[PDB]
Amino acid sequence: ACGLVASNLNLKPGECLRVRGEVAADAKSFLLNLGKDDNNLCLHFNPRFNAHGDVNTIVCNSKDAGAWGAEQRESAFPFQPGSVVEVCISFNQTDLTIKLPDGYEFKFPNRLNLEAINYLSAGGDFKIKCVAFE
């Protein structure tokens, strides 16, 4: 269905999760899901080039016990299809910080109040090239 699925991550607050991968030449959208498990996501990171009505927009949302939360759309879109990008993610009690390329970075509330991230999955027109723990 999608890409890489990693579990047992022991991502404690402060630590950084760096993910590098190449986006398809004709990418429609790609995603990175972080959380406790697939149904309890503290972060559903979804850049949309041309999908679900959104064009060149990063849509973020959470999932709690299977129920999707309120979406949060971002304006800056530093991803050119057919290139290699790197996203860096860290969190704390209050919220997570997503560092995108070109110096852009935004925050997303930690609606789940997760003290550790043990799950991550990738999907869409994206191919993981590296996963780093810092």
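All residue numbers refer to positions in the sequence shown, first residue = 1.
- Higher mean CA temperature factor between 34-42 and 74-82: 74-82, per the PDB entry.
- Higher mean CA temperature factor between 119-127 and 18-26: 18-26, per the PDB entry.
- Taking the deposited Cα B-factors for 66, 109, 47, 101, the highest one is held by 101.
- Sorting the modelled residues of the chain by their CA temperature factor places residue 94 in the highest third.
- Among the modelled residues of its chain, residue 4 has a C-alpha B-factor that falls in the middle third, as given in the PDB entry.
- When all modelled residues of the chain are sorted by CA temperature factor, residue 88 is found within the highest third.
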